Structures are given as structure tokens and as C-alpha cells.
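Commentary on secondary and tertiary structure
Given next are the chains, with one letter for each unit.
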Amino acid sequence: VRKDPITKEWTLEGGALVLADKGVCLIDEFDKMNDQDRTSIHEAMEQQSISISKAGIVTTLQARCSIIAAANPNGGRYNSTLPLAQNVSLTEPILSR
Amino acid sequence: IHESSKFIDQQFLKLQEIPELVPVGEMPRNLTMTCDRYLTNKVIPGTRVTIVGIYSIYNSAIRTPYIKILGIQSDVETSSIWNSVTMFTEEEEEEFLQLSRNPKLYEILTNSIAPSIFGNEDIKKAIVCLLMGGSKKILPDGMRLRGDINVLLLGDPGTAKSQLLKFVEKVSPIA
Amino acid sequence: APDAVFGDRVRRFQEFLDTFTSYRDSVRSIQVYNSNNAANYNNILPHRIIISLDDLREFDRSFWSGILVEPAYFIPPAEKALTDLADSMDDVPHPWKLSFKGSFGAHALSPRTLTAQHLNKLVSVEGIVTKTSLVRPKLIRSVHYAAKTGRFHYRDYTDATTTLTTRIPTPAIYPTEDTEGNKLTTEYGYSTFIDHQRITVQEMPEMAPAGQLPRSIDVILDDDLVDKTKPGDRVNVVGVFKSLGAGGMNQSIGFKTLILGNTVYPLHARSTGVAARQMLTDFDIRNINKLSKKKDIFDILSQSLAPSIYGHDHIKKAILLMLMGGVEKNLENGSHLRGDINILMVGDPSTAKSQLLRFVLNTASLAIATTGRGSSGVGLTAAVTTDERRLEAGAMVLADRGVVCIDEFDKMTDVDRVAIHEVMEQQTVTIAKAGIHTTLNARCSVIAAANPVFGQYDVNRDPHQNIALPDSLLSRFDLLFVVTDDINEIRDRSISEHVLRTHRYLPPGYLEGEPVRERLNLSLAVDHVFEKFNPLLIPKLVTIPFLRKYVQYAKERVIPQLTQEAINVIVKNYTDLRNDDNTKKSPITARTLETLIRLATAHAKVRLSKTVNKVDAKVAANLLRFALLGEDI
Amino acid sequence: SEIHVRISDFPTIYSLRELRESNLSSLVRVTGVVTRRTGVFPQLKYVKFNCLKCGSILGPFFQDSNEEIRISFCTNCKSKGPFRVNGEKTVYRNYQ
Amino acid sequence: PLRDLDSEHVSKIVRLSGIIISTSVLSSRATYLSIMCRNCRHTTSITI
Amino acid sequence: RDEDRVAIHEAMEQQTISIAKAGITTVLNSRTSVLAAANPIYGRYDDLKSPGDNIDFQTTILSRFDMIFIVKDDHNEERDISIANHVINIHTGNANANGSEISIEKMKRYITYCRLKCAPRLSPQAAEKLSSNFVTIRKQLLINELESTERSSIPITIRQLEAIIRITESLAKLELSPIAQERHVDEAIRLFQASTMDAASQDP
Ligand SMILES: Nc1ncnc2c1ncn2[C@@H]1O[C@H](COP(=O)(O)OP(=O)(O)O)[C@@H](O)[C@H]1O
Ligand SMILES: Nc1ncnc2c1ncn2[C@@H]1O[C@H](COP(=O)(O)OP(=O)(O)O)[C@@H](O)[C@H]1O
Ligand code: BEF
Ligand SMILES: [Mg+2]
Ligand SMILES: [Mg+2]
Ligand SMILES: [Zn+2]
């Protein structure tokens, strides 16, 4: 919920997940996500509905999107002898979906 | 003369297009709206509504569009502590009375909780007990005793724990 | 321009005042008190009186409904009648103002429900004070002096707020010259100024809907009503919901709406800044003294705190003493000695540490509840706003002369405890930050709860590794208790029957299956002695509001002093505590000597004794020994 | 009400840098990329004023996009109070 | 659709949907008010 | 997060959230029952390690909860085929689908009716049974705690007695009986054994 300084009013902008309600969301540099971005990704992939509770707006936007993501193995190269867990910093609940 | 005048109240609402149904890199278009009398205090921010009103024009060559409110078709929204019926019609009450006397209603509610989910029978029974909740009590000295039952699920992934939680929120009054 | 309706309302209210002689007696008492105060010089109570609207409704329904619905035409007649009554009574050679208490029906609202339909109606709003303007004087009469003639000229000013009915607008022009052109010198000190303050009341957080923006109303206070509230208080302001200004109807979006203030009530609530004062009737005082004459009065009171909590008798005695508190010493040179008892509870999960804290929160005159990580060192002590650079009083400052109940003390950050050091010991909060050098005063007693470091208190290791707290911090706490959840069949059984008896408790008038409804219990700040149901089933248990009355009476009336027999007992106990090694749960400092003195003083307070005897010192020593050694006789 | 006219294939193509001044009051063809849209605002086309002494809406007046006709002298009343635009009587056009 | 609002819809009842993102504070307006001349002391009652 | 955990501690048991930020001091109300699902400390919990190690939560958090359901994804071929067939039938197989299932809306309204109309109380003869079972359970856990050097990762405290009482009252409220029944107590103890004390038994 951000306010444009020139026009000075609140706008409810959903994430890329919300914008791609009935489409795809291409997430490049998937390993290099912020904590908030990771939490939002997890919420969208699990419940298909991002919820917002800021500035008095208490609602759950809908985001039913197929995610096509590109991520880089740890160290800029995939180590074959390790499993998928050690190769990518994403935790198992993120990958399982 | 203020002590003799009579007043009515006005409340300004601002409507925005549904955030998903917007051009990709464009700020959603919002439109200033006005209501009065008994239509005030009928919505809260974040609610998804349908509006019947008069499209109008306000001068700040260009003009500012806005809508007078004639009726607010408030859709079904999040059920909060305040947002609840709390009032049961008679026929509903007798139907619940009939249901309470069924001998297998414990099994029915066990079967009714996550029927698509296979197994986890005692888990479903505990979920039913959680949904009912215990008794909330207040001792004379001010001591308050817990009147809620909190349940933990702990197991390997893929055991439908997330799906069971989703069902619990879908069935419970507030969650 | 005399009016018939005004005169008739005036005489009707005079009849009402004559009917209910209590208001007449109160006016007489105010007058004689002011006269006596003037007599001693060869405080001044304000010319205000509280009216019970219920009695007015009983006496005259029409006039009552007139006050509630259209106060503009009804309050001024009542004030004139009251002024006439006061003048008539004051035969001994500034009008009186009127105030209201009682039920307001559908006009008792919150700032969220002050719809325009309630305008021009006597409303009673309840909420939290967010902003308070500075108490500024208002010019109402300006006395001037003409140097040539030598005659003092005056003018009287007014504005829409200071009167209920709309008066004809006369512009306020300051008289600079005489009618004949002579220069005038304004005479400050003869002109009259009235204090004026505006406060904003916001919807109460306890009752406000969660996740939505709050709604606020502005209150205009005047004269004696100024500075009766502190920001963050919970108040019940009653007054006319007047609307002011042309409201843009006149060519340059609504009307300026505010609640003109008639009466403000600081509402006591759980964990707020306002204390709770209980009225002490002579019946109550007699009962308190009679119960004080009992022998095991300390035991009776201590067992009365948490009947629903089995055991922890010594913790209950310590909490009772903490509520009573010790005397404060301010030496002539300027030094300060702490007179409060701090209590720390370290124990295994489910040993009732929190429930005791919650009881203290609900029963202390002024208590504030905080948790560890949620409330930082900014939450405690005080903080600078930087908005210019005003001080925001934190938890410990708000709880002055009160109790701070900290939960999850173990979890709270080390920086937070570094902050809390000085407050717990020196009872001051110093800012000296960002060019703001002030020393806030926070004389509060702290009670806290912490889990042992290893989740449970494993007695195999030393107390230091389980406690996991700095030694200085443990030195701050007067009494440190370690409670262990140990398995014992007799104790487990007894706990089981006690808890079961508590669960099968019926309210006086509730059905067997009826759900019990909670209430906010917003007590107003200003039946028998004992309790019918004792969950532990003979030592009598006193009723908890009576316990609050007893604590208030003891704290106010009695100030004990140390005596030689005690001095000797405390000295010997401190010496043999310090010089003997028994692997104490806490180290011994001079703070333990201060603790012995403070507990002795608190026990003397409990007995309502002006002096401390040997028995009080013995009790204090035994309690401290149970705290440290973990053992008693 | 009115038919507008579309003109395409202007032989002169000018980028935003070379407009200068000689191209003023002349038809010009430019290329670019859209950055921001200000939305739709109904612009006055057939404006209908009224006078306080009149008590009725004056005859509709066309308003071209140069500058609206702020009438100060009433045609009928010669009164200095004709500043009022009644909404539904005026015809509006989209402006973005 | 909120983007489809057109000048042809001015002063016409329009059906549309969206999301409420802000509700301003209640402002009291005038529906019947009594006025007075400062000179004539002539009471009146305007209705809006 | 830890700052959330410290607040969740008080919310679950004292049913309230205490706030003392700079300038605002209040005790909000959170009278809710929390249902929590979490993976163990590892991706898969190995009983090969000390079974107290696969329990990541501390003793106090588990003391808040009224039960800990340790669910294991066993490797039965017949049970796995059962789950697969169930899923296929549900997922547009249309092999499913009267009088044995209550609709979500109807069940929710029944929940509201049960919570708002009645709130039972324990029968006096139920108290003796509850006390006996509580003492026996604590003594069995003491036997285990003497047997095992490590303290039980899942503790049994007075909160467990509160949990059993609350479950019994929940069942009675479900049956809309103003007085809790002995059968209710037996069912509650059966759930308690099936939910807790098997996680405790699974651990040393
Ligand atoms: N016992 C089960 N019965 C039916 N479906 C199940 C069962 N276990 C898992 N599933 C299916 O697997 C998913 C649920 O597992 P999930 O919620 O991801 O578990 P976790 O809580 O460990 O993340 C859903 O697609 C659900 O249909
Ligand atoms: N000695 C006791 N007597 C009565 N109730 C007790 C006792 N010990 C624990 N309880 C109950 O157990 C629960 C846990 O108490 P609580 O204060 O939350 O524990 P903790 O010490 O972990 O903060 C409460 O419902 C309380 O009533
Ligand atoms: F488990 Be407790 F709140 F120390
Ligand atoms: Mg999951
Ligand atoms: Mg605790
Ligand atoms: Zn004209």
C-alpha cells in the first residue's frame, strides 16, 4: 500500500503473483529473493491467495498462478554428488509445491 | 443557529479496480466516491463491493469524475468477530436441535471433517473437539481459565497437514 | 430581556435541587470549605457539582428529556438556578457550573458511533486520550486604564464555545483608546483569563475493531476541567456535541464538530496509567481495623490472593508484601533509598508463574503488564519522539507508584535488561539524549517471570547455569523464587482435586450449561468481608475488592518506623546470611539488608502498626531464608 | 453528435528532439513509446451556463479546447453572477 | 468496468464493481438549518 | 520468528496479548485456539537419533499445546494404494457421493450454535476419574523419566489436565448436554492417549 507523492493517495498494488491471477509469473533469480519475497512466494504457492493487512485494508487478494522460476545452484555450479537440498538455498517446503 | 439546525452525515469512499484485473505495469485506476445518511459506515476498506450510483462531475477545462452512492451491494467478505450473524432463525434452531440428538453425529462430524482426506481418524476427532472448544470460565478472584483447545500436528511432509488446516479454516466461523 | 420559559426552567430546577437535599449539602460544604481556607490565611474547590441524571429522570421526566435531547435550552437554566442557590446560601458578603453522572441511554457512545444525528445532544463518550493541547489562558475580560482621566475601563469578550446557545457575533476588538481618544494602558493582573485546553479522544483499543483505522473526536475543556487527564488515559468525557462554524456553507467539507466538555472521568482499566481508588466507608474502615486485630492476619490475607492457585504460599506472601510496599526515605542532603520490593519467579513450565502475575495485574491499584521481546527498552523507561523532540513515557514511567509485571523475562533482550537496571535500582529514568537532558521519575516495583535456561530447572547443575542472568540483575530483585514441578503422588492428587473444584464453579445466577460472558470492567477512578466460596476445602478468605480496600487503606494511612528490637534482629540475620555459605540461589549484598528492612516495613504495614516489632523482622528473615536457602523451619 | 476525422500517412516524420518552433500550428508526425496514461476525464463540449437573476440555464455554448468562455457579462441580465455550470445539461467528451 | 467509464455515462445510474481501499471520516452536513439576520433579527429556515 | 513466539506464548495460554509500546499501553484480547502444523527439526525425523532430538520445539511450547500428533508416513503398499485410489476418486473420478455428511455451511452454523448456546460443566463423578487418570499418567511419566536419563521431550503438566477437562467439555458441548458425562471423559482420555503419551512414548 504505497502513496504516490505527486498525487498523494493510497493505491493497493498486488505483487507479480496477484497480477498474474490467471496466467504465469516468471521469477528470475529465484535463489536471490528477499525474506518478504520468499514468504509471499510460499503463501501464493500454498494457498493461492495473498492476504494484506496494512493501512486498514484487511482482505485476501486472489492469486492462482503457475510459477516458472529460474534459480542458480549454490556456488554458481551444480554439484552432482550433493542432493537437491544442498545445491539450492531454497528450503524443502518451497520446492515441494 | 446551531442549536436549532438538523444535520446528516457524509462519508467519502475511494474505489479501486480489482488489483489483478489491471494493465501489467500501470497503477490501478481509483475513483473517489461519496455516500450519505444510512449508507455511511456500511463498508470497511478491503471489501469487494458492487456499486449502484450516479456517475458525476466535480470541478477541482478538465473535470474530476466521482460517483454519488445510491446503493452498496456488499459481497460476502471476511468473517470477523463483529462480522457475524449471531442470530439464528427458528427453523435453523430446530434443525440443529434435531441434529444434536443423532447418536452418530460424532461420527458424522468425524466423517464431515476432511472427507476427501483418507485416514487420520483421531486427528479428525481432535479437530472436531477443537472446533467445539471447551468451557470458558472466570473465577471470582479474577482468575480466568482456558476455554480453548489448541492442537499441534507434527509429522513428515505430505501427511495432508496443510490441507487439513485449510479445511479447518474453511469450516470454522473465524479463522 | 427576561424570558418566561427560562424563568420557569430555572424555578423547576430550583424545586428539583430543593427536593434532593444532597446537592444542597454539597454546595454548603464547598462554600464553608472555601471560607475556612480563606480564614486560615486571615486549596480552592471549584464551583461545580455532580448531578445524578437518574434522580432528575425520576423527579421530572420532561426536564430530564430536555437536558438529554436539547441541553442548550436546559443547562443554562439549571446553572442559573444553582448559582442562585449558592448566592442565597452564601449569606457572607463567577457563576457556578453544572456536571452530570448517571445513565445516558442511547447517547452513551464511542468516537466511532458519534454520527451527526447525535449533534446538539448531551453525549457521554468513552475512549483514549491521544493528544492534549497546552493549557492556555483565554482572555474574557480586559481591564484598561486611562492615564489622563484616571478611570479603569473594561470590556467582556465571548466566543461560540464558551456559551451553549448561539450568540450574536460581536467581533473582538481590543480597546486601544478611550471613548474620548485618551490612550489606554492594558492592566494585566486585573483582567480575567480562563484556562483553555483541547484534548482528542480516540476509540478505545480494547473495544476498537482490529485492523481498521481509528476514529477520534475533539473535546474542548475549560476552567477547572483543564489538565485533568494525561495522554494515553482512558476517559469518559460527557458534554454537548456541539457543531461550530459556518461549515463552508458561507462561501469560502462539513461542519466543525466537537464535544464541549462538561465533565471528564479518568476511567481505570487493566494495564493503563490511571490508578483505581476505592471509596473507604466508615463501615469498611471499621471492618479493616477489626480484621487487622486478628492474629494470623498476614496468613489470612496472603491465602486470599490466588485461591484458585494451589500452593506457592510463600510466593503469595511475597506478592502481598510487594503490593503493600515499604516506606521511602529521602534524606535531607538529597539522597534516595528504594522502598519497593521486587520479585522474580524462575521456574518450570506450568508452575502458575503467569497466572500469579495476571492476578497482580488485575488486583494492584496501578499495574502495567509487559512481555519480554515484544516490549523493548524503548517500551520500558522512555523514548524521544523526534517530531519538537517530546518525551514519550514508557512502561516504567507510567507505572510510577505502581507495579510492572514483566512476562518471559528470560527471553527479553540483554540491552533491555541493561536499560532496566537503573530503573529497578535508582528509580529514575535519565534521557540525556539528542539534546534532551531530563531525569524522569519512575518509582515502581517490578515482578517478573522466567523459565529456567534448560527449559526446566535441572537441579544437577548449579543455580548460575540454570538462571542464566547477570549477577547485578539478580541483586536488584529483592526476593528470588525458584519453583520446580516435581512428581509426587500426594501433591499431584491434591492439585487435581483443587483444579477440578475450580473448574466446576458456578456463578451466582448462571444456568448449569449457560456460557459465561466476559465484561471489560472499566472501573471509575475516584458484599461481606469474606468470600462465600473457598476452592481449598477454618481460615477465612477475604473478598478480593475488600483486599484492594485493605491495601489502599494500609498504603495511605500507616507509615511504620524501625525500632531497636527489629534493628537487632535484622542485623543478626544479615550478618549470618552473609558470613555463612550454604550455596544460596542468589548472592548476598547490602541489597539483602535493604530487602530485610523493606519486608519488615511492609509486614508492619500489613498489621497497621506505626512501628516495626520483633515479629515483623522474624517474618521477613524467615521469608528471605525460604527465598534464598530454599528451606524453612 | 459530431464526426471527427482521422488523417494517416503524413510524409514528414519528426522525432521529439527536432520539433524546435517552426513546426508550431502545423500537423506533425512523431514516434515514441508511451510512458504514462492520465486516464479518462469528461471534457466540456456543449457548455450551458446560467445567471442567478435568470433562474434558468442559458443557451448552450460551444467550448473549444483553447480556453473556456468564462462569461462575466450576462447576455440577458447584464449581471455579474453567471458563473455556474450545470452538470447533466452540458455535453462532455473524453479527454486523456 | 471501472476503466470503461465514459463521458456518455455522466449523470446516469451506473453499475460497477471494485474494491474499497479507504473510508474517510464521517463529515456532518446540513439538511435543515435556522439562520438569523445580525441586523433584522429575522429568523429563517433553509432546507437542503 | 522469536519476537512472534514470545507473544504467541501468552496468547495460547493467558488468552491475551500485552502491548506496552512507547506511549500506548493496553492488553488486547486474543481468545482463540491455535491449530499448528510443522515438520520436525529435520526434513524427515529419524528415530535412529535420540527421539528427543527430532522434536525441535522446546518444553514450554509443547506444554501450551493440548496434544501433539506425531504422524508417520508408513510404507504399506495396500495403504498407499488406498490413498492413491481415494485421491483418484476425489480428483474428478466421481466415485464419491446421504445423511452421513454435514455440509460446510451447515456445520459452521452448527458450530456457532454449539459455542453460543451451551457450555457444559463437569459431573462430580467425572472429577474422580480425571484425577485418577492424571495421577497415573504423571506416575508413568515419572517411571519413564527415571528409566531414561533424558527428561521427556513431551511434558505432562497441569496444562495436560486442563486439556483433558477442556476436551471432555468440548464433547459434552457437541452433544449439547449441560452436564459432562462419564462416556465423554472416557472418549477424551482415549483421544489423549492416542494423541499425547504416544509421542511421549515414542521419545525415550
Ligand atoms: N492421507 C491423505 N489423504 C488424501 N490426500 C492426501 C493425504 N496425504 C496427502 N494428501 C495429498 O497431498 C497433499 C497434502 O499434503 P501437504 O498438505 O503438502 O502436506 P504437508 O502438511 O506435510 O505439507 C494434497 O494434495 C492432498 O490431496
Ligand atoms: N499450583 C497450581 N494451582 C492451580 N492451577 C495451577 C497450578 N499450577 C498450574 N496451574 C494451572 O496451569 C496453567 C498454567 O499456568 P501458567 O501460569 O500459564 O504457567 P507458566 O508458569 O508456564 O506461566 C493455568 O491454567 C493454571 O491455572
Ligand atoms: F510454560 Be510457562 F508459561 F513458564
Ligand atoms: Mg505443508
Ligand atoms: Mg508463563
Ligand atoms: Zn442573467
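Residues numbered from 1 in each chain as written, not as in the entry; some residues may be left out. Chains lettered and ligands numbered in written order. Part of a larger assembly, values for the part shown. Heavy atoms only, no water.

By the method listed in its record, cryo-EM, this PDB entry was determined to a resolution of 3.8 Å.

The PDB entry lists chain E under the name Minichromosome maintenance protein 5, with Saccharomyces cerevisiae given as the organism. For this structure, the PDB entry title reads "Structure of MCM2-7 DH complexed with Cdc7-Dbf4 in the presence of ADP:BeF3, state I".

In the annotation of the PDB entry, chain D is listed under the name DNA replication licensing factor MCM2 and assigned to Saccharomyces cerevisiae.

Residues and elements named next belong to chain C. Taking strand neighbours across the sheet as the criterion, the 5 strands line up as β18-β21-β24-β17-β25 in an open arrangement whose pairing is parallel. Either end of the sheet is taken by a strand with one partner, and the two such strands are β18 (367-371) and β25 (479-483). Direction aside, the axes of adjacent strands within the sheet are offset by 15 degrees on average. Packed on one face of the sheet, helix α8 (residues 313-324) meets β17 (343-347), β21 (403-407), β24 (445-450) and β25 and runs near 155 degrees to β25. (Pairing = 2+ DSSP bridges. Helix = DSSP H or I, 4+ residues; strand = E, 2+ residues; numbered from the N terminus. Axes fitted to C-alpha atoms, helices over the stretch in contact; angles between N-to-C directions. Contact = heavy atoms within 4.5 Å.)

With 10 residues of chain C at the contact, the number on the chain E side is 10 residues. Interface area for chain C against chain E, summed over the two sides, is near 850 Å², with a carbon-plus-sulfur share of 66%. Area buried by chain C at its contact with chain E is led by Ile 168, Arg 215 and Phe 255 of chain C, which between them contribute 46% of it. If you look at where chain C meets chain E, you find 0 salt bridges. Where chain C meets chain E, there are 2 residue pairs in polar contact. (Buried area = accessible area lost by both parts, 1.4 Å probe. Salt bridge = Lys/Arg side-chain N within 4 Å of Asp/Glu carboxyl O. Polar contact = N/O pair within 3.5 Å; in protein donor to acceptor, adjacent residues only side chain to side chain.)

Okay, the interface of chain B and chain F next. Every contact between the two is made by 59 residues of chain B and, on the other side, 65 residues of chain F. Buried area between chain B and chain F, both sides added, is near 6100 Å², and the carbon and sulfur share of it is 64%. Put simply, chain B and chain F have 8 salt bridges between them. The partner of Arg 115 of chain F in a salt bridge is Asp 148 of chain B, and the shortest N-O contact between them spans 3.5 Å. Here chain B is connected to chain F by 27 residue pairs in polar contact. When contributions to the side of chain B that touches chain F are tallied by element, the ones reaching two or more residues are α1 (90-100), α2 (105-112), α3 (121-132), β6 (144-145), β7 (151-155) and α4 (161-171) of chain B. For the side of chain B that touches chain F, the leading source of residues is α3 of chain B, giving 10 residues.

Glancing now at the side chain of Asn 287 of chain C. Residues and elements named next belong to chain C. Among the structural elements, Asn 287 can be located in helix α6 (residues 282-292). For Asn 287, a relative accessible area of 11% gives the class buried. The contacts of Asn 287, once residues within four sequence positions are left out, are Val 529 and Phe 546. (Buried < 20%, exposed > 50% of the residue type's maximum accessible area, 1.4 Å probe, protein only.)

For the coordinates displayed, the defined rule picks out 20 aromatic pairs over all chains. With 6.5 Å between their ring centres and 65 degrees between their planes, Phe 546 of chain C and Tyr 550 of chain C make a pair best called edge-to-face. Residue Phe 546 of chain C and its partner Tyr 550 of chain C are both found in helix α15 (residues 544-557); the two are separated by 4 residues, about one turn of the helix. Neither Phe 546 of chain C nor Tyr 550 of chain C differs from the other in exposure class; each is buried. Three or more aromatic residues joined by ring pairs form one cluster here, namely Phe 13, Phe 16, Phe 20, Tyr 23, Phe 59, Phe 63 and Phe 74 of chain C. The ring of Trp 64 of chain C has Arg 57 of chain C sitting right over it, with the charged end atom 5.7 Å from the ring centre. Positioned over the ring face of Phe 83 of chain D is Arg 70 of chain D, at 3.9 Å from the centre of the ring. (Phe/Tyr/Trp six-rings, centres within 6.5 Å; stacked < 30°, edge-to-face > 60°. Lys NZ or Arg CZ within 6 Å of the ring centre and 35° of its normal.)

A few words now on the pairing of strand β2 (residues 26-29) of chain F. All names here are of chain F. Across 4 bridges, the pairing between strand β1 (residues 16-19) and β2 is antiparallel. Bridging from a neighbouring strand, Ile 17 pairs with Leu 28 of β2. Between the antiparallel neighbours β1 and β2 lie 6 residues, among them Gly 23 with a positive phi of about 105 degrees.

Moving on, we get to the arrangement of the chains. In this assembly 10 pairs of chains touch, with chains B and F having more contacts than any other pair. In this assembly chain A lies apart from chain D, the nearest approach of their C-alpha atoms being 11 Å. Left apart from each other, chain D and chain F have a closest C-alpha approach of 41 Å.

This next bit is on the site of ligand 1. Every one of the 13 residues lining ligand 1 counts as a neighbour, but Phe 118, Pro 157, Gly 158, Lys 161 and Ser 162 of chain B are closest to it. Flanking ligand 1 are residues from chains A, B and F. Residue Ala 160 of chain B places a main-chain N or O atom 3.4 Å away from an oxygen atom belonging to ligand 1. In the environment of ligand 1, an oxygen atom lies 2.7 Å from a nitrogen or oxygen atom belonging to the side chain of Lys 161 of chain B. Computed on the free molecule, ligand 1 has an accessible area of 560 Å², of which 70% lies beneath the protein chains in the complex. The dominant element in the shell around ligand 1, judged by the number of residues it contributes, is α4 of chain B, at 3 residues. (Near = heavy atom within 4 Å. Areas by Shrake-Rupley, 256 points an atom, 1.4 Å probe, with all protein chains shown as cover.)

With that out of the way, let us pick up unusual backbone geometry. Positive phi, close to 55 degrees, is recorded for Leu 608 of chain C, a residue that is not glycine. Along the chain, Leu 608 of chain C falls in the loop between α17 (590-606) and α18 (614-629). Positive phi, normally seen in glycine, also occurs at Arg 41 of chain E, with a value near 55 degrees. Looking at the element boundaries, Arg 41 of chain E is found in the loop between β2 (27-36) and β3 (43-47).

Among the 14 residues in the neighbourhood of ligand 2, the closest are listed as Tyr 310, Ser 350 and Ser 354 of chain C together with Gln 14 and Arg 159 of chain F. A distance of 2.9 Å is found between a nitrogen atom of ligand 2 and a backbone nitrogen or oxygen belonging to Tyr 310 of chain C. Within the contact set of ligand 2, an oxygen atom lies 2.4 Å away from a side-chain nitrogen or oxygen of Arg 159 of chain F. Per element, the largest residue contribution to the shell around ligand 2 is 3 residues, and it comes from helix α9 (residues 353-363) of chain C. Among the residues making up the shell around ligand 2, the classes are represented as 5 nonpolar, 6 polar and 3 charged. (Nonpolar A, V, L, I, M, F, W, Y, C, P; charged D, E, K, R; others polar.)

Turning our eyes to something else, we now look at a positive patch on the surface. All names here are of chain C. A cluster of basic side chains, namely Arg 286, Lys 290, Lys 293, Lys 294 and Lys 540, defines a positive patch on the protein surface. Relative to the assigned elements, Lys 294 resides in the loop between α6 and α7 (297-303). Relative accessible area serves as the criterion here: at 35%, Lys 294 is assigned to the partly exposed category. (Patch = residues over 30% accessible without salt bridge, like charges linked within 9 Å, V, L, I, M, F, W, Y side chains within 5 Å. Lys, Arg positive; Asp, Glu negative; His and termini not counted. Charge placed at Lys NZ, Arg CZ, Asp CG, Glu CD.)

A separate point is the sheet that holds strand β2 (residues 61-62) of chain D. All names here are of chain D. If you walk across this open sheet you meet the 3 strands as β2-β1-β3, and the pairing is antiparallel. Unpaired on one side and paired on the other, β2 and β3 (91-95) mark the two borders of the sheet. Of the strand pairs in this sheet, strand β1 (residues 41-47) and β3 are connected by 5 bridges, and their pairing is antiparallel. Within the sheet, the bridge partner assigned to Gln 43 lies in β3 and is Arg 93.

Further remarks concern the pattern of salt bridges. All names here are of chain B. Per the stated rule, a full pass over the model turns up 56 salt bridges over all chains. Between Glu 107 and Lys 125 there is a salt bridge; the shortest N-O distance is 3.4 Å. With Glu 107 in helix α2 and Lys 125 in helix α3, this pair connects stretches of sequence that are 18 residues apart. Assessed through its relative accessible area of 35%, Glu 107 is described here as partly exposed.

This brings us to the environment of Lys 610 of chain C. Residues and elements named next belong to chain C. Considering the arrangement of structural elements, one finds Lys 610 in the loop between α17 and α18. Since its relative accessible area comes to 52%, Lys 610 is described here as exposed. Residues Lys 610 and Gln 561, spaced 49 residues apart in sequence, show a C-alpha to C-alpha distance of 6.4 Å. The residues contacting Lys 610, other than those within four sequence positions of it, are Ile 559, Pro 560 and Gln 561.

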